[PDB]
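Notes follow once the structure below has been shown.
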Amino acid sequence: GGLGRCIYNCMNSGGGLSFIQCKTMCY
Numbered sequence: 001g002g003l004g005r006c007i008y009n010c011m012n013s014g015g016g017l018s019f020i021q022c023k024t025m026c027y
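The numbers in the sequence shown follow the authors' numbering, run straight up by one, and end at 27.
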């Protein structure tokens, strides 16, 4: 899928941005 890993790498450790910028941005 995407959201599953999106926030994972984005938030867990692999984004360098924010949460709302990935928890929702990711399609």
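All residues carry an ideal CB built from backbone N, CA and C; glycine is no exception.
My output table needs one value for residue i: the three-state DSSP class, helix, strand or coil.
| i | result |
| --- | --- |
| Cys22 | coil |
What residue does the alpha helix (DSSP H) around residue i start on, and which one ends it?
| i | result |
| --- | --- |
| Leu3 | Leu3 to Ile7 |
For residue i and residue j, I'd like the C-alpha separation in whole angstroms.
| i | j | result |
| --- | --- | --- |
| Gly14 | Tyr27 | 17 angstroms |
| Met11 | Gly1 | 16 angstroms |
| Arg5 | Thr24 | 12 angstroms |
| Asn9 | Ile20 | 13 angstroms |
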